[PDB]
file structure_22.txt (compact mmCIF, C-alpha atoms and all ligand atoms)
# COMPACT_ATOMS: atom_id res chain seq x y z
CA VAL A 1 -37.21 81.92 -193.63
CA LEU A 2 -37.72 82.12 -197.41
CA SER A 3 -39.10 79.26 -199.45
CA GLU A 4 -37.13 77.75 -202.26
CA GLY A 5 -39.44 79.40 -204.77
CA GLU A 6 -38.84 82.78 -203.06
CA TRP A 7 -35.03 82.34 -203.14
CA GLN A 8 -35.31 81.39 -206.83
CA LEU A 9 -37.14 84.68 -207.38
CA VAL A 10 -34.52 86.64 -205.51
CA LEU A 11 -31.74 85.12 -207.59
CA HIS A 12 -33.57 85.75 -210.88
CA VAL A 13 -33.85 89.35 -209.87
CA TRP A 14 -30.17 89.34 -208.95
CA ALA A 15 -29.34 88.06 -212.51
CA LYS A 16 -30.65 91.42 -213.75
CA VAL A 17 -28.23 93.27 -211.52
CA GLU A 18 -25.32 91.06 -212.60
CA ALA A 19 -25.73 92.27 -216.20
CA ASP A 20 -24.62 95.76 -215.07
CA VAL A 21 -23.21 95.58 -211.56
CA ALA A 22 -21.42 98.98 -211.59
CA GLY A 23 -24.58 100.73 -213.04
CA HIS A 24 -27.00 99.26 -210.54
CA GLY A 25 -24.59 99.86 -207.67
CA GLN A 26 -23.90 103.46 -208.57
CA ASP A 27 -27.67 104.06 -209.00
CA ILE A 28 -28.40 102.51 -205.59
CA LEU A 29 -25.80 104.65 -203.81
CA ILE A 30 -26.93 107.85 -205.61
CA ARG A 31 -30.59 107.20 -204.60
CA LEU A 32 -29.46 106.57 -201.06
CA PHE A 33 -27.40 109.74 -200.90
CA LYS A 34 -30.08 111.94 -202.46
CA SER A 35 -33.06 110.53 -200.58
CA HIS A 36 -31.16 110.45 -197.25
CA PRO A 37 -28.33 113.00 -197.22
CA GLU A 38 -27.19 111.91 -193.76
CA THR A 39 -25.93 108.65 -195.38
CA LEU A 40 -23.44 110.51 -197.57
CA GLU A 41 -21.95 112.08 -194.44
CA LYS A 42 -20.80 108.68 -193.29
CA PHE A 43 -18.45 108.36 -196.36
CA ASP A 44 -15.34 110.47 -196.04
CA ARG A 45 -14.64 108.89 -199.42
CA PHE A 46 -17.68 110.60 -201.11
CA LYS A 47 -18.70 113.56 -199.00
CA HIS A 48 -17.11 115.99 -201.51
CA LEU A 49 -19.87 115.09 -203.91
CA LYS A 50 -22.52 117.83 -203.83
CA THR A 51 -24.65 117.35 -206.92
CA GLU A 52 -26.15 114.33 -208.55
CA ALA A 53 -24.14 115.08 -211.68
CA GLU A 54 -20.90 114.82 -209.70
CA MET A 55 -22.11 111.52 -208.26
CA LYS A 56 -22.97 110.19 -211.71
CA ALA A 57 -19.57 111.23 -212.99
CA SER A 58 -17.67 109.64 -210.07
CA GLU A 59 -15.79 106.62 -211.26
CA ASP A 60 -14.87 105.82 -207.67
CA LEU A 61 -18.61 105.73 -206.73
CA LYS A 62 -19.07 103.08 -209.44
CA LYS A 63 -16.23 101.13 -207.85
CA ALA A 64 -17.90 101.37 -204.41
CA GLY A 65 -21.10 100.14 -206.11
CA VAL A 66 -19.24 97.08 -207.40
CA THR A 67 -17.79 96.41 -203.94
CA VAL A 68 -21.23 96.64 -202.26
CA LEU A 69 -23.12 94.52 -204.75
CA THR A 70 -20.34 91.93 -205.00
CA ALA A 71 -20.75 91.37 -201.24
CA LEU A 72 -24.58 91.44 -201.29
CA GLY A 73 -24.74 89.10 -204.31
CA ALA A 74 -22.60 86.52 -202.60
CA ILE A 75 -24.72 86.83 -199.47
CA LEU A 76 -28.00 86.31 -201.35
CA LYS A 77 -26.59 83.22 -203.12
CA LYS A 78 -26.05 81.67 -199.64
CA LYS A 79 -29.81 81.68 -199.32
CA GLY A 80 -29.74 82.55 -195.66
CA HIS A 81 -26.72 80.50 -194.73
CA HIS A 82 -24.58 83.64 -194.61
CA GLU A 83 -23.25 83.80 -191.00
CA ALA A 84 -19.59 83.81 -192.19
CA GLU A 85 -20.21 86.52 -194.78
CA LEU A 86 -22.23 88.82 -192.45
CA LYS A 87 -19.92 88.80 -189.46
CA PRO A 88 -17.19 91.12 -190.91
CA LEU A 89 -19.81 93.50 -192.37
CA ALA A 90 -21.57 93.77 -189.02
CA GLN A 91 -18.33 94.49 -187.29
CA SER A 92 -17.13 97.09 -189.74
CA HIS A 93 -20.44 98.83 -190.22
CA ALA A 94 -21.40 98.99 -186.54
CA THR A 95 -18.01 99.74 -184.99
CA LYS A 96 -15.89 101.44 -187.64
CA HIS A 97 -18.17 103.07 -190.17
CA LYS A 98 -20.82 103.86 -187.45
CA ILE A 99 -23.80 103.02 -189.68
CA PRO A 100 -27.13 102.77 -187.82
CA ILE A 101 -29.44 99.79 -188.76
CA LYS A 102 -31.86 102.44 -190.04
CA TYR A 103 -29.52 103.20 -192.85
CA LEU A 104 -29.57 99.52 -193.97
CA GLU A 105 -33.37 99.88 -194.22
CA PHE A 106 -32.76 102.98 -196.41
CA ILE A 107 -30.33 101.16 -198.74
CA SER A 108 -32.84 98.26 -198.96
CA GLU A 109 -35.50 100.70 -200.18
CA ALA A 110 -33.03 102.15 -202.65
CA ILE A 111 -32.45 98.68 -204.06
CA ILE A 112 -36.21 98.19 -204.67
CA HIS A 113 -36.45 101.69 -206.15
CA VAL A 114 -33.59 101.15 -208.58
CA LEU A 115 -34.79 97.70 -209.65
CA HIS A 116 -38.19 99.28 -210.49
CA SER A 117 -36.57 102.14 -212.31
CA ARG A 118 -34.28 100.02 -214.47
CA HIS A 119 -36.75 97.16 -215.15
CA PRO A 120 -40.19 98.61 -215.73
CA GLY A 121 -42.64 95.86 -216.61
CA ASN A 122 -40.06 93.22 -215.62
CA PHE A 123 -39.89 93.39 -211.79
CA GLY A 124 -42.78 91.14 -210.83
CA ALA A 125 -44.97 91.49 -207.76
CA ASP A 126 -43.81 88.01 -206.60
CA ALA A 127 -40.17 89.07 -207.11
CA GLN A 128 -40.59 92.24 -205.11
CA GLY A 129 -42.03 90.22 -202.29
CA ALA A 130 -39.20 87.74 -202.30
CA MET A 131 -36.49 90.45 -202.57
CA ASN A 132 -38.08 92.25 -199.60
CA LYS A 133 -37.95 89.10 -197.58
CA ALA A 134 -34.30 88.48 -198.45
CA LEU A 135 -33.37 92.03 -197.49
CA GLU A 136 -35.36 91.78 -194.26
CA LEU A 137 -33.50 88.57 -193.40
CA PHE A 138 -30.13 90.30 -194.06
CA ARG A 139 -31.15 93.22 -191.80
CA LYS A 140 -32.43 90.95 -189.01
CA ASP A 141 -29.20 88.94 -188.98
CA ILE A 142 -26.90 91.97 -189.08
CA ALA A 143 -29.08 93.67 -186.40
CA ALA A 144 -28.50 90.74 -184.01
CA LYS A 145 -24.69 91.32 -184.27
CA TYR A 146 -25.16 95.05 -183.77
CA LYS A 147 -27.26 94.35 -180.63
CA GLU A 148 -24.59 92.07 -179.32
CA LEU A 149 -21.97 94.95 -179.58
CA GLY A 150 -24.22 97.62 -177.91
CA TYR A 151 -25.26 99.36 -181.21
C1 LIG A 201 -26.39 96.05 -198.38
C2 LIG A 201 -25.77 96.76 -197.47
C3 LIG A 201 -24.31 96.96 -197.41
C4 LIG A 201 -23.31 96.17 -197.90
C5 LIG A 201 -23.50 94.76 -198.47
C6 LIG A 201 -22.11 96.87 -197.69
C7 LIG A 201 -20.87 96.37 -198.01
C8 LIG A 201 -19.67 97.03 -197.83
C9 LIG A 201 -18.38 96.50 -198.11
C10 LIG A 201 -18.04 95.11 -198.68
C11 LIG A 201 -17.47 97.41 -197.71
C12 LIG A 201 -15.97 97.30 -197.75
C13 LIG A 201 -15.52 96.41 -196.61
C14 LIG A 201 -15.88 96.86 -195.21
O1 LIG A 201 -15.48 97.95 -194.75
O2 LIG A 201 -16.56 96.07 -194.47
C15 LIG A 201 -18.17 98.57 -197.25
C16 LIG A 201 -17.57 99.74 -196.82
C17 LIG A 201 -18.35 100.80 -196.33
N1 LIG A 201 -19.70 100.83 -196.18
FE1 LIG A 201 -20.99 99.50 -196.65
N2 LIG A 201 -22.39 98.08 -197.16
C18 LIG A 201 -23.70 98.21 -196.99
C19 LIG A 201 -24.39 99.30 -196.49
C20 LIG A 201 -23.85 100.48 -196.06
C21 LIG A 201 -24.61 101.61 -195.75
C22 LIG A 201 -26.10 101.69 -195.81
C23 LIG A 201 -23.70 102.62 -195.50
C24 LIG A 201 -23.88 104.05 -195.11
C25 LIG A 201 -25.00 104.66 -195.02
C26 LIG A 201 -22.40 102.01 -195.60
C27 LIG A 201 -21.19 102.64 -195.42
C28 LIG A 201 -19.93 102.07 -195.70
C29 LIG A 201 -18.69 102.85 -195.56
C30 LIG A 201 -18.53 104.27 -195.08
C31 LIG A 201 -17.70 102.06 -195.95
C32 LIG A 201 -16.24 102.39 -196.07
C33 LIG A 201 -15.99 102.99 -197.47
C34 LIG A 201 -14.57 103.47 -197.79
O3 LIG A 201 -14.13 104.49 -197.16
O4 LIG A 201 -13.85 102.89 -198.66
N3 LIG A 201 -22.56 100.75 -196.01
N4 LIG A 201 -19.53 98.30 -197.30
call {"tool": "encode", "arguments": {"input": "structure_22.txt", "output": "structure tokens"}}
result
Amino acid sequence: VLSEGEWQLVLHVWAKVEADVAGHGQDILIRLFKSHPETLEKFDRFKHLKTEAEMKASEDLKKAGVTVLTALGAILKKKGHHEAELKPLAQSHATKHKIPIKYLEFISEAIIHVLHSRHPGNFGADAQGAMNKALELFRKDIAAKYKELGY
């Protein structure tokens, strides 16, 4: 459970992302792919991309970044009341895309990495704490649906 002050922090951080959704989302996916190459293999849509330059130049990767962050942004703004929004993502990711929960931990770390990279001196220690908590809560709640389905 996050406090109100912690959710306020999360959403102030998210306001930074909303100023350049496609940029943050592309950066997040690139970091994920480069740090954890097994993640890229799950995307028939992107597995042609070999080099970071190709990833950076991929307009479709930007579009995927918008899609991901649009969904995560809406989720965060529910401030934990996100059962309706998580259900379809659990189903798709566990059963169709075959994404292990470990890879959600990896994308969570990518988010923190990219926020630090883009906002040096402006991503506060309190904010990092709160954002970690929010992402932990998301993973816990998705993980429960995975467990249900045998994943
Ligand atoms: C914050 C975490 C995540 C969010 C909010 C998210 C959100 C989404 C959304 C909204 C879609 C499109 C709708 C759907 O199929 O359900 C999608 C598709 C997909 N996601 Fe995720 N995702 C996340 C993490 C991951 C991770 C970590 C991976 C892989 C390592 C992954 C792999 C995929 C794949 C393969 C697709 C289908 C892409 C396509 O072929 O168009 N997702 N995701």
call {"tool": "residues_around", "arguments": {"input": "structure_22.txt", "residues": "residue A:71", "least_positions_apart": "6", "cutoff": "10 Å", "atoms": "all atoms listed in the file", "output": "tab-separated table (two decimals) with C-alpha atoms, keeping the file's coordinate frame"}}
result
chain	number	residue	atom	x	y	z
A	85	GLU	CA	-20.21	86.52	-194.78
A	86	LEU	CA	-22.23	88.82	-192.45
A	89	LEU	CA	-19.81	93.50	-192.37
call {"tool": "residues_around", "arguments": {"input": "structure_22.txt", "residues": "residue A:98", "least_positions_apart": "4", "cutoff": "8 Å", "atoms": "all atoms listed in the file", "output": "mmCIF file with C-alpha atoms, in the coordinates of the input"}}
result
data_model
loop_
_atom_site.group_PDB
_atom_site.id
_atom_site.type_symbol
_atom_site.label_atom_id
_atom_site.label_comp_id
_atom_site.auth_asym_id
_atom_site.auth_seq_id
_atom_site.Cartn_x
_atom_site.Cartn_y
_atom_site.Cartn_z
ATOM 1 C CA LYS A 42 -20.800 108.680 -193.290
ATOM 2 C CA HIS A 93 -20.440 98.830 -190.220
ATOM 3 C CA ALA A 94 -21.400 98.990 -186.540
#
call {"tool": "residues_near_ligand", "arguments": {"input": "structure_22.txt", "ligand": "ligand LIG 201 (chain A)", "cutoff": "6 Å", "atoms": "all atoms listed in the file", "output": "PDB file with C-alpha atoms, in the coordinates of the input"}}
result
ATOM      1  CA  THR A  39     -25.930 108.650-195.380  1.00  0.00           C
ATOM      2  CA  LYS A  42     -20.800 108.680-193.290  1.00  0.00           C
ATOM      3  CA  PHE A  43     -18.450 108.360-196.360  1.00  0.00           C
ATOM      4  CA  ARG A  45     -14.640 108.890-199.420  1.00  0.00           C
ATOM      5  CA  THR A  67     -17.790  96.410-203.940  1.00  0.00           C
ATOM      6  CA  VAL A  68     -21.230  96.640-202.260  1.00  0.00           C
ATOM      7  CA  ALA A  71     -20.750  91.370-201.240  1.00  0.00           C
ATOM      8  CA  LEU A  72     -24.580  91.440-201.290  1.00  0.00           C
ATOM      9  CA  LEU A  89     -19.810  93.500-192.370  1.00  0.00           C
ATOM     10  CA  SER A  92     -17.130  97.090-189.740  1.00  0.00           C
ATOM     11  CA  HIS A  97     -18.170 103.070-190.170  1.00  0.00           C
ATOM     12  CA  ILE A  99     -23.800 103.020-189.680  1.00  0.00           C
ATOM     13  CA  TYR A 103     -29.520 103.200-192.850  1.00  0.00           C
ATOM     14  CA  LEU A 104     -29.570  99.520-193.970  1.00  0.00           C
ATOM     15  CA  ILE A 107     -30.330 101.160-198.740  1.00  0.00           C
TER      16      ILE A 107
END
call {"tool": "residues_around", "arguments": {"input": "structure_22.txt", "residues": "residue A:25", "least_positions_apart": "6", "cutoff": "10 Å", "atoms": "all atoms listed in the file", "output": "PyMOL selection string"}}
result
chain A and resi 17+31+61-70+111+114
call {"tool": "residues_around", "arguments": {"input": "structure_22.txt", "residues": "residue A:87", "least_positions_apart": "4", "cutoff": "12 Å", "atoms": "all atoms listed in the file", "output": "VMD selection string"}}
result
chain A and resid 75 81 to 83 91 to 95 138 141 to 146 148 to 149
call {"tool": "closest_residue", "arguments": {"input": "structure_22.txt", "among": "A:29, A:74, A:19, A:84", "to": "residue A:52", "atoms": "all atoms listed in the file"}}
result
A:29
call {"tool": "residues_around", "arguments": {"input": "structure_22.txt", "residues": "residue A:123", "least_positions_apart": "4", "cutoff": "10 Å", "atoms": "only C-alpha atoms", "output": "ChimeraX atom specification"}}
result
/A:12-13,16,112,115-119,127-128
call {"tool": "atom_distance", "arguments": {"input": "structure_22.txt", "atom1": "atom CA of residue A:6", "atom2": "atom CA of residue A:22"}}
result
25.3 Å
call {"tool": "atom_distance", "arguments": {"input": "structure_22.txt", "atom1": "atom CA of residue A:47", "atom2": "atom CA of residue A:21"}}
result
22.4 Å
call {"tool": "closest_residue", "arguments": {"input": "structure_22.txt", "among": "A:140, A:78, A:15, A:10", "to": "residue A:126", "atoms": "only C-alpha atoms"}}
result
A:10
call {"tool": "build_atoms", "arguments": {"input": "structure_22.txt", "residues": "stretch 4-30 of chain A", "atoms": "N, CA, C and O atoms", "output": "mmCIF file, keeping the file's coordinate frame"}}
result
data_model
loop_
_atom_site.group_PDB
_atom_site.id
_atom_site.type_symbol
_atom_site.label_atom_id
_atom_site.label_comp_id
_atom_site.auth_asym_id
_atom_site.auth_seq_id
_atom_site.Cartn_x
_atom_site.Cartn_y
_atom_site.Cartn_z
ATOM 1 N N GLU A 4 -37.918 77.942 -201.060
ATOM 2 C CA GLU A 4 -37.130 77.750 -202.260
ATOM 3 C C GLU A 4 -37.641 78.575 -203.424
ATOM 4 O O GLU A 4 -36.836 79.133 -204.165
ATOM 5 N N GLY A 5 -38.940 78.635 -203.632
ATOM 6 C CA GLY A 5 -39.440 79.400 -204.770
ATOM 7 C C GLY A 5 -39.141 80.885 -204.620
ATOM 8 O O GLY A 5 -38.868 81.527 -205.585
ATOM 9 N N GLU A 6 -39.191 81.365 -203.374
ATOM 10 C CA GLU A 6 -38.840 82.780 -203.060
ATOM 11 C C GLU A 6 -37.325 83.053 -203.291
ATOM 12 O O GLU A 6 -36.941 84.036 -203.922
ATOM 13 N N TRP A 7 -36.440 82.141 -202.862
ATOM 14 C CA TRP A 7 -35.030 82.340 -203.140
ATOM 15 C C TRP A 7 -34.771 82.308 -204.645
ATOM 16 O O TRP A 7 -33.946 83.076 -205.152
ATOM 17 N N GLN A 8 -35.469 81.420 -205.365
ATOM 18 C CA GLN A 8 -35.310 81.390 -206.830
ATOM 19 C C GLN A 8 -35.681 82.740 -207.449
ATOM 20 O O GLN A 8 -34.962 83.242 -208.344
ATOM 21 N N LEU A 9 -36.776 83.330 -206.964
ATOM 22 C CA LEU A 9 -37.140 84.680 -207.380
ATOM 23 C C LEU A 9 -36.102 85.749 -207.114
ATOM 24 O O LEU A 9 -35.782 86.552 -207.998
ATOM 25 N N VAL A 10 -35.595 85.737 -205.915
ATOM 26 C CA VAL A 10 -34.520 86.640 -205.510
ATOM 27 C C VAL A 10 -33.318 86.541 -206.501
ATOM 28 O O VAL A 10 -32.730 87.514 -206.942
ATOM 29 N N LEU A 11 -32.878 85.323 -206.758
ATOM 30 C CA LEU A 11 -31.740 85.120 -207.590
ATOM 31 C C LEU A 11 -31.956 85.401 -209.087
ATOM 32 O O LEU A 11 -30.999 85.780 -209.755
ATOM 33 N N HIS A 12 -33.172 85.253 -209.579
ATOM 34 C CA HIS A 12 -33.570 85.750 -210.880
ATOM 35 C C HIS A 12 -33.569 87.250 -210.991
ATOM 36 O O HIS A 12 -33.116 87.772 -211.990
ATOM 37 N N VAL A 13 -33.989 87.927 -209.940
ATOM 38 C CA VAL A 13 -33.850 89.350 -209.870
ATOM 39 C C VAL A 13 -32.363 89.698 -209.868
ATOM 40 O O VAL A 13 -31.947 90.632 -210.588
ATOM 41 N N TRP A 14 -31.562 88.981 -209.072
ATOM 42 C CA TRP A 14 -30.170 89.340 -208.950
ATOM 43 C C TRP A 14 -29.453 89.192 -210.305
ATOM 44 O O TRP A 14 -28.528 89.926 -210.586
ATOM 45 N N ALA A 15 -29.930 88.277 -211.157
ATOM 46 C CA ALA A 15 -29.340 88.060 -212.510
ATOM 47 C C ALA A 15 -29.441 89.330 -213.349
ATOM 48 O O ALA A 15 -28.534 89.628 -214.150
ATOM 49 N N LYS A 16 -30.509 90.108 -213.107
ATOM 50 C CA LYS A 16 -30.650 91.420 -213.750
ATOM 51 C C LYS A 16 -29.543 92.392 -213.344
ATOM 52 O O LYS A 16 -28.976 93.073 -214.146
ATOM 53 N N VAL A 17 -29.279 92.454 -212.048
ATOM 54 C CA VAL A 17 -28.230 93.270 -211.520
ATOM 55 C C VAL A 17 -26.838 92.853 -212.063
ATOM 56 O O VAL A 17 -26.004 93.682 -212.382
ATOM 57 N N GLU A 18 -26.600 91.551 -212.182
ATOM 58 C CA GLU A 18 -25.320 91.060 -212.600
ATOM 59 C C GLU A 18 -24.984 91.457 -214.024
ATOM 60 O O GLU A 18 -23.784 91.432 -214.359
ATOM 61 N N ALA A 19 -25.986 91.760 -214.838
ATOM 62 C CA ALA A 19 -25.730 92.270 -216.200
ATOM 63 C C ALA A 19 -25.124 93.675 -216.233
ATOM 64 O O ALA A 19 -24.511 94.071 -217.248
ATOM 65 N N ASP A 20 -25.277 94.432 -215.148
ATOM 66 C CA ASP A 20 -24.620 95.760 -215.070
ATOM 67 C C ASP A 20 -24.398 96.089 -213.601
ATOM 68 O O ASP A 20 -25.147 96.891 -213.003
ATOM 69 N N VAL A 21 -23.380 95.465 -213.018
ATOM 70 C CA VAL A 21 -23.210 95.580 -211.560
ATOM 71 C C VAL A 21 -22.874 97.049 -211.192
ATOM 72 O O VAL A 21 -23.483 97.623 -210.245
ATOM 73 N N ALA A 22 -21.877 97.613 -211.874
ATOM 74 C CA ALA A 22 -21.420 98.980 -211.590
ATOM 75 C C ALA A 22 -22.585 100.002 -211.762
ATOM 76 O O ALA A 22 -22.738 100.899 -210.924
ATOM 77 N N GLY A 23 -23.419 99.840 -212.777
ATOM 78 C CA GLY A 23 -24.580 100.730 -213.040
ATOM 79 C C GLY A 23 -25.643 100.659 -211.969
ATOM 80 O O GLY A 23 -26.110 101.661 -211.435
ATOM 81 N N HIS A 24 -26.062 99.445 -211.629
ATOM 82 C CA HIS A 24 -27.000 99.260 -210.540
ATOM 83 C C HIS A 24 -26.439 99.752 -209.235
ATOM 84 O O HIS A 24 -27.132 100.453 -208.517
ATOM 85 N N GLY A 25 -25.161 99.474 -208.947
ATOM 86 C CA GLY A 25 -24.590 99.860 -207.670
ATOM 87 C C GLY A 25 -24.401 101.369 -207.495
ATOM 88 O O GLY A 25 -24.714 101.963 -206.464
ATOM 89 N N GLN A 26 -23.965 102.005 -208.564
ATOM 90 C CA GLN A 26 -23.900 103.460 -208.570
ATOM 91 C C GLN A 26 -25.292 104.057 -208.369
ATOM 92 O O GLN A 26 -25.475 104.967 -207.539
ATOM 93 N N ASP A 27 -26.273 103.523 -209.119
ATOM 94 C CA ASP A 27 -27.670 104.060 -209.000
ATOM 95 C C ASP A 27 -28.220 103.943 -207.608
ATOM 96 O O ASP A 27 -28.887 104.907 -207.120
ATOM 97 N N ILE A 28 -27.987 102.775 -206.972
ATOM 98 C CA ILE A 28 -28.400 102.510 -205.590
ATOM 99 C C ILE A 28 -27.772 103.509 -204.629
ATOM 100 O O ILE A 28 -28.496 104.140 -203.816
ATOM 101 N N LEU A 29 -26.454 103.700 -204.721
ATOM 102 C CA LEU A 29 -25.800 104.650 -203.810
ATOM 103 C C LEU A 29 -26.251 106.081 -204.051
ATOM 104 O O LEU A 29 -26.448 106.850 -203.060
ATOM 105 N N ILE A 30 -26.386 106.485 -205.310
ATOM 106 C CA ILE A 30 -26.930 107.850 -205.610
ATOM 107 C C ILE A 30 -28.339 108.059 -204.975
ATOM 108 O O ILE A 30 -28.620 109.088 -204.329
#
